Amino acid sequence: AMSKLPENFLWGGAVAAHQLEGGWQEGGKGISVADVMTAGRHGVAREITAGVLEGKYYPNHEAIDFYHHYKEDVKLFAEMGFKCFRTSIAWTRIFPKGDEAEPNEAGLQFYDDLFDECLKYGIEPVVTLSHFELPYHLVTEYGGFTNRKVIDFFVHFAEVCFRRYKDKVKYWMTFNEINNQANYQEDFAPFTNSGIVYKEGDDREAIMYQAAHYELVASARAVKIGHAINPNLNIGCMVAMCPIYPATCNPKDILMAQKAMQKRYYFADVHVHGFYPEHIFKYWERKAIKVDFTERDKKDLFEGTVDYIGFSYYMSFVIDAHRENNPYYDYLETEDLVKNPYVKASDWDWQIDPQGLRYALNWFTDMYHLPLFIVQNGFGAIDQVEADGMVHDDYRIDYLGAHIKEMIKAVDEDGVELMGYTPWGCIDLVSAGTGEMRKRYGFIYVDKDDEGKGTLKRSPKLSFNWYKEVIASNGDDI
């Protein structure tokens, strides 16, 4: 009876290798998909270049040089009182090309040192095996996850990590936001989830269902392998959770929303229940989508269901039936969505809806009854440095706080099993969508701009002590 959350609640901070590490060549790090994505801005898309071209600016190359400053940054984290720290093991640091019979020792010891650093301070590593950073070689030589071969490659990588870190890392996830690729219209998700370069004329949708299937099977094989290595390992899936509201109580909107939820979260059904929902098979029929799906796959999936559901939450969506010629209620994320009139939004147009997080949490609970883990939540905004040399980011404090409250009501009032809560980008890093430094998520300001300038000096923002106090009060004082 100290607070409303469990005593061992896992407060932390989350990042991803390719977004902060830098030293993209150190250790012999192979070149990854992140490494061939140039910078952009709100509105302007990143360019996926055919290799590393001259004249282009690749922000992930240096990022914030975490690769060298990790001892300092971790000290900062422990100073806020992190109980956990989430990041990914850069696939490119362990298998630079991807097809190697042997893992890279420089890559492994590096993470041995990183986890060691966390553990010194009482911080529990939370590790994501694939986070938008697969070997670019795998893309050009195999076509990414459209090749069944790439499954073994991933499982190979996963077992190595599992065996190496079996006594260090308790919490794992396989594929970051695996369901992002439900949007197959734009190139981003297909490229970052699955290493898909689309060629002109391709059946984009179809190519992505097949890749997702391979990854689902790969995830399931890893889960089984990881448990055989250490049965205590908690291995969860990871889905991006953008709840999808019906615009109105018009039955057509209702059906749009339900159908879109099914297409956006069938991935979770497979991770959790171990089989595909029928509405996916029916749909593949209607669209003559052919999937290479063996009896063996079926067995693997059913056998490799997850321990818990990790997920990100930043916003919610609205949908309606406005689009013509759509009698099957297909879901086009680039077309069917509309703005929610009842909510504010960030300068990147990301809608602010704390209550949605509560909705999300109840949803997963009712659907699956598994432990849940908010492993990404946060607010991207422009920071100005006040005269006292500190960013007074109360806007960021507001966002996170409102979300923390809703998450607490979910545990306290609603009874969801929640493992912990991990704010995204706890230190300023390179954004995923645009490759911007100026879209900052951090409790820690890093002096680097989008033209690549700055000392890379770390300074705490206002929200640093605020959050330090949230952790200390285990949620009582927000």
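Numbers follow the displayed sequence, beginning with 1.
Per-stretch averaging of Cα B factors for 110 to 118 and 361 to 369 places 110 to 118 on top. With 387 to 395 and 169 to 177 compared on mean CA B-factor from the PDB entry, the stretch scoring higher is 387 to 395. The entry assigns its greatest Cα B factor, within the set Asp330, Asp269, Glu102, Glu406, to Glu102.
Per the PDB entry, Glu79 shows the highest C-alpha temperature factor of the residues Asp320, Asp307, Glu278, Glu79. Ranked against the other modelled residues of its chain, the C-alpha B-factor of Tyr445 as given in the entry falls in the middle third.
Among the modelled residues of its chain, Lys199 has a C-alpha B-factor that falls in the highest third according to the deposited record. Annotation for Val74: CA B-factor lies in the middle third of the chain's modelled residues. Per the PDB record, residue ranking by Cα B-factor puts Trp24 in the highest third of the chain.
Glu205: CA B factor lies in the middle third for its chain, per the PDB record.
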